[PDB]
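Two forms, one chain: they're shown below as structure tokens, one block per form, named structure 1 and structure 2.
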Structure 1
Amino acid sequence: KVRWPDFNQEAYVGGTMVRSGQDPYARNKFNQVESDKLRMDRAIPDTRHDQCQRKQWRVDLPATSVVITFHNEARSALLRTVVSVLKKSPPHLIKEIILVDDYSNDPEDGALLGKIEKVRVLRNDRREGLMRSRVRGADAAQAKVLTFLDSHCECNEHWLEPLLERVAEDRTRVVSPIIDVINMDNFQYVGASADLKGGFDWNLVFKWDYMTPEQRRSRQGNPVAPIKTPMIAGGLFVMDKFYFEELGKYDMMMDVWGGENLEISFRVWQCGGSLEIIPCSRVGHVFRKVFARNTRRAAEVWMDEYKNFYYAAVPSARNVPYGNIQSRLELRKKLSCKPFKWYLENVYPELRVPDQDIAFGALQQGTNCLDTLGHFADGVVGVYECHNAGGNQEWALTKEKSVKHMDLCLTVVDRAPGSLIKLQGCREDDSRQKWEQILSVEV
């Protein structure tokens, strides 16, 4: 067993370096020459709010089993992940670090990290992917609380105490750090915004957005308070171990190319827990950039009818075979989880839910986009380039066949081609406001 500072990084990253000519993004989708240049404990900026830095963190907290899962991870990045945990965490709070080597090409990527204090390595036989690899890691953990990280993260100062404080207080909380960004081309560590919450559109791809100005204003008194989130990124969180178990771990027939965020985020909220982002906890993550099977498996279990709006948004998924899900279904009733309606209403109210529009989003043409120009009733309407967007470029075509923004409708004021169209109050039976898929007017 070696203490982390005495581990031989030069040797370990030694023979795996990018060879002249070869493509540094090739193995990984990030720049390995840049990764390999970094020391395993390289200094990173303290990105935490000023208030965190003056906090006295409790350390009379339950220890954690840190589970890190990986498949042909760059050696420099894997080691850097492990050492950030060991350097930045109170040693009595790290029971162990469990590395699940999920079929890497050189088992030595993992096994060599086995000489480090607290690290134990489990190797999969075939490639099982992230979700089952985590379940296995979790099954082997000896501590009361689980911490899951990706194999290309860098923990910041006092990242762990604020997370464990939460779950030690109430074991139904599944909590996450603010995920700082490590740039995939130059490996600079970048402070993220603390004003974000996790969410998604009806295609179900995870996305961030800012809290509303009202939510921010409500936090002014304690701006480092926990943030409740509809969904976690999924790569990094901490969860009470028995809670992870009792709620059903992860779905064992998910495969990769999987969204580790989706199903667990719905289950936790519907089945009585909460998801939080904890501002004082900062961990960096290298961000970069068939899939449908896993998403299907989540939707079919958790969303009830609103699953329809997903298939609406992504018809391309309607017949990807997704397999047997009965044991996941049994699980939901066994737990007496609330319905998806409740989650939309209570957890993600700000998600736009459809219903009977013929069409939504922007009216393109094809560089530009229909735009109110900020005009109201009796104003002309126009185009700007598409910004992607929302606001004055968002429109609906209604069951009633109107083209509307808020309650204003494009109105044929004068049939004479091609005089100007106008915004006017939407009128269910006004015929000057009816449009069909087949500014000013013309033939």
Structure 2
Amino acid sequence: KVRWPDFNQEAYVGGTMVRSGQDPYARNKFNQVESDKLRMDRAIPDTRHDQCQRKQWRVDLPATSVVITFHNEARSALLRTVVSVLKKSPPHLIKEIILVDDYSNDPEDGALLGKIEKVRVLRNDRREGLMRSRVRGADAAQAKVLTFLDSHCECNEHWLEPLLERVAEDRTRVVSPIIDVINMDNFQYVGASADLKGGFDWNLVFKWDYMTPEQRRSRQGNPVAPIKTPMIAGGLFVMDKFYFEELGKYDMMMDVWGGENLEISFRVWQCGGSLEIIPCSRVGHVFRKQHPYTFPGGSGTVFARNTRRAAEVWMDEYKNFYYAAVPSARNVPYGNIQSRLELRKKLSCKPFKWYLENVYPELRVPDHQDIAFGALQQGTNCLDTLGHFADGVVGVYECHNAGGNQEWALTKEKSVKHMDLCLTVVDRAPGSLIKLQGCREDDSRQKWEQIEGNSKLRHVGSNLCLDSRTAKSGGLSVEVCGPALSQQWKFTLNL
């Protein structure tokens, strides 16, 4: 066994290098030439708030076992992740680093690192995916606290102590650093915003949300306080090992990638723990735009399968809002969920409604009797109030997926509404502009219905359809229904 600085980086990385004239992005979907130029312990900027930099971090903390799974990772990036852990962590707080080689083409990527102090390598003899690989690493762990990292990360100064402190005080906290960005093209290390929380839309795809102006204001007193998050990104977190086991690890029937971050976030919150982001902890990650590896069965179907398994166990009736956003998911078989259901029963977990109301209230939820909801799209344009109020015209604007003036519902009363304003047919002569007015159930001018496979909107009791052809010369209008592209409209959720 060899101390990390004695490891022969040049030999290890040499001989998987990008050959002359080859594409430096093909194998990893990041620039391997730039990754390979970097020293295994390259210096990176300290991106922490000033207040963190002054704190002196407590000493008697439990050690952690670090689990890193990988499938065909670039040698330079894998080695660098391991050395940043060793170099930036107090040595007594690292019990071990467990590398789970998830059936990489070349077993030597992992096995050669087994020489390094504190490194243990486990090789899957077939492809298992990240969920089963993480569970195998956790099972092998000897410490009281687990730490998970992706195989292309770089820990910053005093990254670990702030995370361990939270969980030593209360083992039901599952905590995450702020994830800095390692640029996929040039490998520069870039400090991320600390004003973000994890979230998702009804398609159940992870996204970053800014804190509200009010949340921000209430932290002005302690700007590096923990941030409660509805959802963790998934790959970088710290969790009490007995807690991880008691809550049921991960769903072992999830495959490859996707959905497990959603499942564990829902499970932790609903079953009595919490999820935090800790601003004094900073770890960089190579964010990329494409997966470099295969998905047996196709990536769209695997992602959907995994997500169904989460939605069917945790979301109660709200799962229907996911199926309304992604109707093609209803056709994807998802297997047996009985042991997950029994887990939920055994833990006495709160219902999903409680999660929505108490953990993620800012997620906009449709009324239970809405016919359709979300944005109303025509190509890459969306129905938009333009900031107008009652008596104002309505228009289209490029879809931006940020809600506000592009948020609509088709109600049980057949009205197309935003807040308490409704699209109103003020004049039935073809070519007339429509107007926003206060919604009244008894106003027949405000009644609309979806036609032609939920692809158009017709004013009830007429042959008039909602039409955008006059959008830049006045606003949306009503025109006789016909084969015009300017009459095509689709809600993002159809119930």
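We call the rigid core the largest set of C-alpha positions that still match within 1.5 Å between the two forms. Numbers given to residues start at 1 and step along the sequence of structure 1.
K.L.:
Which of the listed residues (180, 371, 150, 109) moves its Cα by 2 Å or more between the two structures when the core is kept in place?
P.N.:
With the rigid core fitted, the residue that moves is 371.
K.L.:
Is residue 420 displaced by at least 2 Å at its C-alpha between the two structures when the rigid core is overlaid?
P.N.:
The answer is yes, as the C-alpha of residue 420 shifts between the two structures by 2 Å or more after core alignment.
K.L.:
Superposing on the rigid core, does the Cα of residue 391 end up 2 Å or more away between the two structures?
P.N.:
Yes; that C-alpha moves by at least 2 Å between the two structures.
K.L.:
Core aligned, does the CA of residue 429 move at least 2 Å between the two structures?
P.N.:
Yes, the C-alpha position differs by at least 2 Å between the two structures.
K.L.:
With the core fitted, just quote the Cα shift at residue 404 between the two structures, in angstrom to one decimal.
P.N.:
A shift of 3.6 Å.
K.L.:
Keeping the rigid core fixed, work out how far the Cα of residue 381 travels between the two structures, to one decimal in Å.
P.N.:
Residue 381 is displaced by 4.3 Å at its C-alpha.
K.L.:
With the two forms matched on the core, what distance in Å separates the two CA positions of residue 22 between the two structures?
P.N.:
Superposing on the rigid core gives a C-alpha shift of 1.2 Å for residue 22.
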